[PDB]
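Positions of Cβ are backbone-derived with ideal geometry, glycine not excepted, and every protein chain shown enters the neighbour counts. Rule-based calculations on the coordinates, nothing more; no lab input.
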Amino acid sequence: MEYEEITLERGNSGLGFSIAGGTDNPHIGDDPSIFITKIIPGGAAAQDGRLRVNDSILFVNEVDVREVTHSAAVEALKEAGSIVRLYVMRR
């Protein structure tokens, strides 16, 4: 699994991509692995074009989502200020 960072400017609507896989919502088989599900077109994520869906989030600015709920990961993107470098995993 390759780890890449994505600097995203949290626009008016937000970052611009929804993630699923946290400890509360096992989007995956059955683990706290946080990974994206879909990036919303017109948002900071879709406008930037640095992040890709299904990417398993690693860090958010300075937050580790190793064992955090899907909402905690989501909240990370929301708590990343504005332009935040988000880390993800891609095997």
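Restricting to the range 44-91, name every residue that is free of Cβ contacts under 8 Å to residues at least 12 places away in the same chain and either surrounded by 23 or more Cβ atoms within 10 Å (Cβ to Cβ) or touching a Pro at 6+ places or on another chain (Cβ under 7 Å) (or both). Spell out how you get there, then give the answer.
Initially, the range 44-91 is screened for residues free of Cβ contacts under 8 Å to residues at least 12 places away in the same chain, giving 49, 62, 64, 75.
If the condition is that a residue be free of Cβ contacts under 8 Å to residues at least 12 places away in the same chain and either surrounded by 23 or more Cβ atoms within 10 Å (Cβ to Cβ) or touching a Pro at 6+ places or on another chain (Cβ under 7 Å) (or both), then no residue fits.
Taking every residue in the range 19-35 that is within 20 Å of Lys78 (Cα to Cα) and pairing it with any residue that is aromatic (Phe, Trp, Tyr) and outside any loop (DSSP other than H, G, I, E, B), at least 6 positions away or on another chain, the pairs with Cβ-Cβ distances below 8 Å are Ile19/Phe35; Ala20/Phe35; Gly21/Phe35; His27/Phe35.
Give me the residue from the range 24-57 that is polar (S, T, N, Q) and assigned to a loop (DSSP other than H, G, I, E, B) and, out of that set, nearest to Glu2 (Cα to Cα). Outline the logic, then answer.
Residues of the range 24-57 polar (S, T, N, Q): 25, 33, 37, 47, 54, 56.
Imposing the further condition that a residue be assigned to a loop (DSSP other than H, G, I, E, B) reduces the set to 25, 33, 54.
Values: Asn25: 23, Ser33: 14, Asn54: 13 Å.
Out of the qualifying residues, it is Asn54.
I'd like the full set of residues that are over 8 Å from the mean Cα position of the chain (by Cα) and of a type in the set (S, T, N, Q), limited to the range 53-91. Within the range 53-91, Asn54, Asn61, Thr69, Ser71, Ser82 qualify. Please go through the range 1-23 and give me each residue that is within 14 Å of the chain's Cα centre (by Cα), outside any loop (DSSP other than H, G, I, E, B) and either surrounded by fewer than 17 Cβ atoms within 10 Å (Cβ to Cβ) or not β-branched (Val, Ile, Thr) (or both), ordered by number. Across the range 1-23, the qualifying residues are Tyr3, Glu4, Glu5, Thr7, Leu8, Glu9, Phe17, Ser18, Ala20.
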